[PDB]
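Visitor: A single structure is presented below for examination.
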Amino acid sequence: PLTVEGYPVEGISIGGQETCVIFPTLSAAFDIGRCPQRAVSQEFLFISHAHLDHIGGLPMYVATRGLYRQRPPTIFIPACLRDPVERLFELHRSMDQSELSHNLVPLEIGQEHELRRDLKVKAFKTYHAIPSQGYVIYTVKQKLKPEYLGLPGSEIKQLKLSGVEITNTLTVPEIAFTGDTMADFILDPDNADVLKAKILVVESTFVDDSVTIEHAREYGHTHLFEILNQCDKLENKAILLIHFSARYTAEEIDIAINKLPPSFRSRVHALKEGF
Amino acid sequence: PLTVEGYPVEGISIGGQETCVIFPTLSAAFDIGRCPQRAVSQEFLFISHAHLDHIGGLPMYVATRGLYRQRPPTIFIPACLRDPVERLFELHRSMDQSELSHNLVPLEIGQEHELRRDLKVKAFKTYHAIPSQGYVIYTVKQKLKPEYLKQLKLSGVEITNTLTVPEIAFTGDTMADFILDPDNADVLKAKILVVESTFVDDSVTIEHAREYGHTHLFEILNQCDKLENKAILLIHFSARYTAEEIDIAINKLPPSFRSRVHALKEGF
Ligand SMILES: [Zn+2]
Ligand SMILES: [Zn+2]
Ligand SMILES: [Zn+2]
Ligand SMILES: [Zn+2]
């Protein structure tokens with residue numbers, strides 16, 4: 001199984017067909033594809049945009065969690081999609097008489113929401129043919145202050161009783177997911193945290209010269225050549241490339257990645273499920 | 001692969017998760033599940049009811065046929081679903097900014113629709129927790145009358161007979177009461193009956209299957225002589241089962257019934 005910077009990664013992203021990228025240790029799915037069964041067990045769903053290959057599985061995801069008596073999921077969407085997504089769920093309810101319980105959380109670009117005491121999300125601007133946004137998940141953890149770092153637990157414990165503040169809150173961009181986008185998201189000055197996230201999940205719909213950059217840009221997509229051109233500004237520990245055109249074989253993908261300069265290439269991974 | 005009375009059968013049916021049963025030589029999908037890629041090449045989609053494990057894949061199926069430049073599919077639904085399904089397409093059209101071209105055919109129970117010169121479908125009543133119907137596909141062929149095996153053709157005598165044969169019956173989700181409905185006689189004569197048996201052994205009672213609008217294998221067994229089908233294809237087993245448990249249950253059936261039973265075990 002695929003693992004990136006310690007995180008298992010599941011799911012699939014074929015450029016024409018479906019995109020659902022799953023981080024099961026975060027209970028997170030980035031887009032819903034055709035509702036792969038592995039996605040059903042994730043409590044948090046982040047929708048980048050309303051193309052059917054990204055959003056089409058949404059009602060089935062909610063319905064299946066309901067059937068299995070799982071906690072209603074929390075679903076993050078661009079704010080402008082709240083209207084149609086409400087309409088969608090009410091239509092299905094009007095037919096199938098089910099509850100389709102969920103928490104729908106519209107986010108505008110730059111807005112944040114808490115997933116858990118130690119986890120939060122922030123939406124960021126992406127550049128695509130229809131309304132869209134990416135998401136950065138941040139860890140929010142307590143870390144020992146420098147002066148207490150090398151200290152026996154017994155000692156730490158008494159400091160706790162006395163009531164000393166012994167930790168600092170550390171907020172770190174952990175996973176950044178673009179969904180479909182042009183490479184210009186990299187140049188948007190609001191996106192600095194995207195470029196420092198431990199893992200960047202970004203589409204590279206086209207990876208070799210069989211397709212031209214400006215053609216990639218024609219449909220709101222990114223060419224691997226553009227990621228390379230900007231690689232010096234990508235401070236991510238890992239880059240997970242997704243959403244390759246269905247025209248490609250897995251071996252073509254590997255070839256394209258292998259051709260990258262070695263220092264950058266060492267940080268590059270590919271989600272090849274289904275290729 | 002799975003072949004039933006000469007028909008390749010593809011797709012998947014897992015109770016509560018996804019149902020899409022594909023007869024590719026008929027360009028037919030019975031329900032759409034989560035839109036398995038194999039379904040996209042079928043030009044005919046027959047929807048039994050609106051539960052999301054049966055209908056959720058619908059917009060993706062239409063969208064993908066458009067991307068491949070295949071003809072807009074003809075989609076059959078219970079007549080009562082016409083307004084909300086029309087609306088659903090309009091809503092996805094707006095969201096994905098795509099045409100989602102299709103031909104929606106509301107079919108009332110008993111109504112028929114010509115699929116090909118030699119093929120037609122008819123809806124039939126099923127008994128489920130929400131409105132539902134099954135479908136029977138008939139062949140319609142012209143064959144020389146036995147006696148003649150030109151001057152009679154010129155004279156304008158009918159020398160052929162039009163033979164209408166029930167070929168595939170698909171129930172979708174239903175209680176076994178579909179067997180009792182006298183309007184469903186042809187269902188019980190179809191060459192292949194594709195019927196759900198959500199539960200297949202005594203770990204669950206018949207009554208429990210019925211509470212949720214489903215059929216227990218035991219009910220089919222207990223009425224097996226009413227079924228004149230050449231083949232019975234069981235589908236929609238509860239996800240609690242393994243393939244081995246399904247095979248065990250079928251193996252217990254009496255030889256006359258057992259010889260005609262097949263199961264769609266994909267994913268089990
Ligand atoms: Zn896409
Ligand atoms: Zn898109
Ligand atoms: Zn079902
Ligand atoms: Zn049902």
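FYI, nothing fancy with the structure tokens labels: chains A, B, ... in order, residues from 1 per chain, ligands from 1 as they appear.
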Please report as a PyMOL selection string which residues of chain A come no farther than 12 Å from chain B, using only C-alpha atoms.

Guide: chain A and resi 16-18+32-38+40+49-68+80-100+129-132+274

Visitor: Nearest residue to ligand 2 out of A:120, A:272, A:267, A:243, using only C-alpha atoms and all ligand atoms?

Guide: A:243

Visitor: Do you know which residues are at most 9 Å from segment 205-212 of chain A counting only C-alpha atoms, after dropping those on the same chain fewer than 4 positions away, and could you put them as a list in words?

Guide: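 Skipping anything fewer than 4 positions along the chain leaves residues 14, 15, 180, 216, 217, 221, 222, 223, 224, 225, 241, 242, 243, 244, 245, 246, 248, 252, 253, 256 and 257 of chain A.
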
Visitor: Atom CA of residue 48 of chain B and atom CA of residue 10 of chain B, how far apart in Å?

Guide: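 Interatomic distance here is 17.6 Å.
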
Visitor: Might you pull out every residue within 8 Å of residue 110 of chain A, with only C-alpha atoms counted and same-chain residues fewer than 4 positions away left off, and present them as a list in words?

Guide: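 Contacts, with the query itself left out: residues 122, 123, 124 and 125 of chain A.
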
Visitor: Point out the residue among B:104, B:192, B:20, B:119 with the least atom-to-atom distance to ligand 3, counting only C-alpha atoms and all ligand atoms.

Guide: B:20

Visitor: Interatomic distance between atom CA of residue 99 of chain B and atom CA of residue 72 of chain B?

Guide: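 These two atoms are separated by 10.1 Å.
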
Visitor: Which residues come within 8 Å of residue 144 of chain B, counting only C-alpha atoms, excluding same-chain residues fewer than 4 positions away, as a ChimeraX atom specification?

Guide: /B:148-149,159-161
